[PDB]
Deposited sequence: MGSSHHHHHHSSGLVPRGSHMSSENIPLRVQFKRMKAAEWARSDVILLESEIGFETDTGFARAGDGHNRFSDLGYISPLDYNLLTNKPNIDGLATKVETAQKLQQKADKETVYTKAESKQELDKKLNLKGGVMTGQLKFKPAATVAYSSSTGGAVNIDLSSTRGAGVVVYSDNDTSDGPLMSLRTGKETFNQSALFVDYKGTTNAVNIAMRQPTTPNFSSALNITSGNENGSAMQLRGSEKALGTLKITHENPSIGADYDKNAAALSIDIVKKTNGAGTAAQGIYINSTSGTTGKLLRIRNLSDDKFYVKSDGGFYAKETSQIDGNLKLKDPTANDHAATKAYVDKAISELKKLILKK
């Protein structure tokens, strides 16, 4: 036997009314596939003669090891997008533009506009360095090293307040000798306030002056500084004013002193002084371009008055002539 089976093309079968017997095979001539009858169904309703169920295959791929689109998308949701985060390089670029608390170099202006005190507060209690150090070795400039300004007439605090305990000078100003001399001063002060002293000084020295001024000859030449003075006072009118009545020096002691009010010495020898009572001493021959009004003499070394002379002359006259 070489058995052949009922057979036609797959399309021909699908329209055929031929009913295969139970187990009887029919063959699709253009596909090479067989189906077996159940004794009632037409051929298009028969199944193939061997399984076509993925579950039944051998050598299946490892499907359960493969990622799903859903699970992948869920995980990617937790990850940061490149676009919306800075790289370390970018972060470093940004951070390098900002000041370290450790210290740094500012290249632009630091402004304070406020929202122990101070906008700037420097506590040196634990260190041996300076607080604020400003310097310029520039030839010239358009601004001072430091400027303090108040703008309202009511302003009720100082521009600069120095509260000092210590063993050296609270404030020291040194104007160094220039290569060539110029018109400048170490300290210049002006006030246009008529109801307060431009400068006030108070001290409580045991054996020194409250203000001590020394003039030192800038030259070795004995009379180079013949026009200099330790203290120089000028008393002037207002521009376009009619004059002035201001005094030069005024000395008082509101509680009463027993000291000399003015004492002038040279080589530490008293040369001229005004005692606490107003009497004076002068060490050498002196001159008044005028008269001197004084009391009649009582001691031999007292200056005689005109009245004393005239009386002596009159008495002698009366005595001689009888």
query	finding
Stretches with no C-alpha atoms in the model, relative to the deposited sequence starting at 1	1-27, 143-150, 358
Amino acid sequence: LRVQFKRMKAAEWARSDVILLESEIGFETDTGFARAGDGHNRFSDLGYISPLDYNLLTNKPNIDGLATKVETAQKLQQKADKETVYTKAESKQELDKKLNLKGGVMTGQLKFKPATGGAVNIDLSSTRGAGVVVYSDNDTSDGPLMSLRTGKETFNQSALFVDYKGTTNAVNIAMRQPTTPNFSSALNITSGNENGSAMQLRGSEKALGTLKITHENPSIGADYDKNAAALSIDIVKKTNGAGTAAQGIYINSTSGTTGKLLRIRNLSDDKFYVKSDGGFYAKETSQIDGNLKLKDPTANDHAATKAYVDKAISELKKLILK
From here on, numbers count along this sequence of modelled residues.
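Rigid core (definition): largest C-alpha set, two forms, superposition within 1.5 Å.
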| item | value |
| --- | --- |
| In 4 other deposited structures of this protein, rigid core aligned: more displaced of 237-245 and 179-187 by C-alpha RMS | 179-187 |
| Stretch with the higher entry mean CA B-factor, where the candidates are 116-124 and 242-250 | 116-124 |
| Average Cα temperature factor in the PDB entry - higher stretch of 3-11, 312-320 | 312-320 |
| Which of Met106, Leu231, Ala198, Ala159 ranks first by CA B-factor in the deposited coordinates | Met106 |
| Selection by C-alpha B-factor (highest) of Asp163, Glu216, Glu205, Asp81 | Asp81 |
| Record-listed C-alpha B factor of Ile220: chain third | highest |
| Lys283, C-alpha B-factor rank within chain (lowest, middle or highest third) | lowest |
| CA B-factor ranking of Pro297, expressed as a third of its chain | middle |
| Entry-reported Cα temperature factor of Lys92, expressed as the chain third it lands in | highest |
| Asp45 - which third its CA temperature factor falls in, relative to the rest of the chain | middle |
